[PDB]
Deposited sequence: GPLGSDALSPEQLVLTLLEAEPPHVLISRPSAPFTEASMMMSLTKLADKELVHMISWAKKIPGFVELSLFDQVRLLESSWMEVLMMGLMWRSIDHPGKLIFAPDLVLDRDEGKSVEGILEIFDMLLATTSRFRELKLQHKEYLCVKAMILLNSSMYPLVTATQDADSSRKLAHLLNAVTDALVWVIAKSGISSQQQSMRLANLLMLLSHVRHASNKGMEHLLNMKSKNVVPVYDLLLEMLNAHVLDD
């Protein structure tokens, strides 16, 4: 209902932290791809559950719930990573025990590029001092914006947008500063989205090479590209 209530709903809806142990051995092509896909697969499960807890999500057409999730999953994974990684500069906090330096990227052809965008975007979020309630609204907006169910989606996207606007106004900065902050946060959407595309191409390529494992859900969501 109210923006505060939408934010409080999103707060409660946050998925729990997924636990993956680092390989005992220093990272290989195989062990790094195995760790990041295992994590992705477990996180996809919790994502779907998180989506269902967004007010009005389950009121959409089944075929829109599928298209939004197929469209945004990698972007939503990546926004969660950047938020986990924001109180820990230089590091990518994939999981409590799966913390990676730009370094360990070395262990897989091309994944160093991906880790850089992820660290660069995270940096801009850290420079903007992105808040918890902002992150909640922005993650929701990434799912709802990944494009009668179409009338209901529009209205749901404007409710989360209204919530972010409310959060930012709770800060007490001038009106002109609220607009600027809202603009700076949102212009990062295209940056996240870029990191998602490169990340998806990369995963599609690693799957071609025989490196990828057999994970029903992740394979399913990658084949919708």
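Several segments of the deposited sequence are absent from the coordinates, namely 1-7, 155-165, 244-247.
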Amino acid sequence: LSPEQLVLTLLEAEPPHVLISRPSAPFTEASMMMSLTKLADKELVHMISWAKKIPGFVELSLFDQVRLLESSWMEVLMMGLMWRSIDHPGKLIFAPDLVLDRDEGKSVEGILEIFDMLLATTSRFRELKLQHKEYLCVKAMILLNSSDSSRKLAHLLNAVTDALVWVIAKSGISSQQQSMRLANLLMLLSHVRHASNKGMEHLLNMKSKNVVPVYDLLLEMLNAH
From here on, numbers count along this sequence of modelled residues.
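In this entry, 213-221 shows the higher mean Cα temperature factor of the pair 13-21 and 213-221. Just going by the entry, 28-36 versus 47-55 on mean CA temperature factor gives the higher value to 28-36. Comparing the listed residues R151, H132, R126, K139, the entry records the largest Cα B-factor for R151. Highest C-alpha temperature factor among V192, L164, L157, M187, as the PDB entry reports it: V192. Split the chain's modelled residues into thirds by C-alpha temperature factor. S107 is in the highest one. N197 sits in the highest third of its chain by CA B factor, as recorded in the PDB entry.
Per-chain ranking of the deposited C-alpha B factor places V99 in the highest third. Among the modelled residues of its chain, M79 has a C-alpha B-factor that falls in the lowest third, as given in the PDB entry.
Sorting the modelled residues of the chain by their CA temperature factor places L92 in the middle third.
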